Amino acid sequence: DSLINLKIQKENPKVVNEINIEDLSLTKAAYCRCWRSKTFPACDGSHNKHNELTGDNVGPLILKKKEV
């Protein structure tokens, strides 16, 4: 029964982020599911240190947008 989010918007009772698909410009964009990214909601690779430290296996959600 451990907290998952330690640092992000603790004054907020539920941190929910929205992505409007039409705004995604990159063919590939990674979003954080570990709550350790310094650019949250984006993934910055911080999951890797978390995984090494705790022995976890978390990773990001990758949103893929085909080239029109």
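Start at 1 and count along the sequence shown; that's the residue number.
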* Would you check the entry's CA temperature factor for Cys43 and let me know if it's in the chain's lowest, middle or highest third? => middle
* Asked: When the modelled residues of the chain are sorted by Cα temperature factor, does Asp56 land in the lowest, middle or highest third?
  -> lowest
* Asked: Hey, what third does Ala30 fall into on Cα B-factor, ranked over its chain?
  -> middle
* Lowest, middle or highest third: where is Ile19 by C-alpha B factor in its chain? -> highest
* For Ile4, return the chain-relative third of its C-alpha B-factor as stated in the PDB record: lowest, middle or highest. => middle
